[PDB]
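Participant: Quick one, structure for this:
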Amino acid sequence: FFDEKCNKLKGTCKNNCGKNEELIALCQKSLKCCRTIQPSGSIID
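Facilitator: Numbering: from 1, shown residues only. I have put the structure below:
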């Protein structure tokens, strides 16, 4: 449910977070929902 909503927020479940990506939710199979955050501005918060 948590990163199911992350899926809606277009967060991809990967092992290690990539470019400007942060860990927002813990998935199964050791995947983590990482959001590709937009730079230049104050992230997403």
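
Participant: Can you pull the phi and psi angles for residue 3?
Facilitator: phi -80, psi 0 (degrees, to the nearest 10).

Participant: from here on, count from 584
Facilitator: Taking 584 as the first residue, the last one we looked at is residue 586.

Participant: Tell me how many other residues surround it.
Facilitator: The tally of other residues near residue 586 (other C-beta atoms under 10 Å) stands at 21. (C-beta placed from N, C-alpha, C; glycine too.)

Participant: Same check on residue 618?
Facilitator: 20.

Participant: any idea how far it is from residue 603?
Facilitator: Distance, residue 618 to residue 603, by C-beta to C-beta, to the nearest Å: 9 Å.

Participant: residues contacting residue 614?
Facilitator: Residue 614 sits next to 596, 597, 598 when contact means C-beta atoms under 8 Å, 6 or more residues apart in numbering.

Participant: Bridged to the second one, which residues?
Facilitator: Taking DSSP bridges, one obtains residue 615 as the residues bridged to residue 597.

Participant: Would you agree it is in contact with residue 617?
Facilitator: Yes: taking C-beta atoms under 8 Å as the definition, residue 597 is a contact partner of residue 617 at 5.2 Å.
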